[PDB]
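Below you'll find the structure, written out as structure tokens, and then a few comments.
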Amino acid sequence: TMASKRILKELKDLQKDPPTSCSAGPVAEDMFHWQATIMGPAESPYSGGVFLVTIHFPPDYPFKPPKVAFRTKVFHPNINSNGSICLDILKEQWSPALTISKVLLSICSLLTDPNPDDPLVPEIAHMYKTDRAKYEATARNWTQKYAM
Amino acid sequence: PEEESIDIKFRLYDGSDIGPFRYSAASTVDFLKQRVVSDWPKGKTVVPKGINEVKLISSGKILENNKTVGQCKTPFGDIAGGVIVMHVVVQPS
């Protein structure tokens, strides 16, 4: 229970001063299982949206990253039909210096700046590279349908 | 032991919050939202007109109107004890 203690610390800090763009806590009594919401940033087409994320902390946190899936549908190059996220800092840039807050914030940055060259959904990555104005338009729309 | 108190401050899109404010477990979310529309500070690029335009979020869950603070309690919802921060999202529909 270094993991528990550290998770607990991250909760405590988060609850004292949460990032303005996200909210998260444990769902029930399993404290390795949180849920969270990302507020689509103003400086993205996902403005106004509220997106639901689930979080599973592994047993040897913080040496390995948490698992993070979107539950809410999004039109995004790096997030697929099953809410899998392609995010640098859940892969090779994980560090045990990082916290779930820091992770949640990265997901915000991802909404405002996608990486089409590391796609999880090639039609969207292609649309993004090829025809950005249409990507922008398309959620937006999906933000209204599915995140409001 | 059904009507106990907790302190809420409300985090806004801006980064600014308003509160803290004292409420009872018996207070409804619906109530909490009205309080938000009311104390809404001045000079925001956004202003919620009504109650139907504000979503409240606490510990990762979107709180639904007709529930009460007490039923929007999770085992890990306030580890420290003190003020609970809740997030306000203003959606013009």
Original post:
If B:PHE10 satisfies every condition in (1) in a loop (DSSP other than H, G, I, E, B); (2) buried (at least 20 other Cβ atoms within 10 Å of the Cβ) but one, which is the exception?
Top reply: (1)
**OP:** Look through the stretch A:107-148, keep the residues that are out of contact with any strand residue (DSSP E or B) (no Cβ under 7 Å at 6 or more places or on another chain), of a type outside the set (A, V, I, L, M, F, W, C) and within 17 Å of A:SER84 (Cβ to Cβ), and return whichever of them is farthest from the other protein chains (Cβ to nearest Cβ).
**Re:** A:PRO122
Original post:
When only residues in the stretch A:95-138 that are in contact (Cβ under 8 Å) with a residue 60 or more places away in the chain and touching a helix residue (DSSP H, G or I) at 6+ places or on another chain (Cβ under 8 Å) count, which is surrounded by the most Cβ atoms within 10 Å (Cβ to Cβ)?
Top reply: A:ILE100
Subject >> Selection from the stretch B:59-73 of residues that are within 18 Å of B:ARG11 (Cβ to Cβ) and either out of contact with any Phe, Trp or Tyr (no Cβ under 7 Å at 6 or more places or on another chain) or small (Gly, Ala, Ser) (or both) >> reply: B:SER59, B:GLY60, B:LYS61, B:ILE62, B:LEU63, B:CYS72
Original post:
Would you call B:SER59 within 12 Å of the chain's Cα centre (by Cα), crowded, with 19+ Cβ neighbours inside 10 Å and on the phi > 0 side of the Ramachandran plot?
Top reply: yes
**OP:** Go through the stretch B:46-92 and count every residue that is within 7 Å of another protein chain (Cβ to nearest Cβ), touching a strand residue (DSSP E or B) at 6+ places or on another chain (Cβ under 7 Å), without any contact (Cβ under 8 Å) to a residue 60 or more places away in the chain and more than 18 Å from A:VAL27 (Cβ to Cβ).
**Re:** 2
**OP:** Confirm whether B:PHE21 is buried (at least 20 other Cβ atoms within 10 Å of the Cβ), assigned to a strand (DSSP E or B) and either among the small types (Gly, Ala, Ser) or more than 10 Å from every other protein chain (Cβ to nearest Cβ) (or both).
**Re:** no
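Rule-based calculations on the coordinates, nothing more; no lab input. Counting neighbours? That spans all protein chains shown, and the Cβs are built from the backbone with ideal geometry, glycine included.
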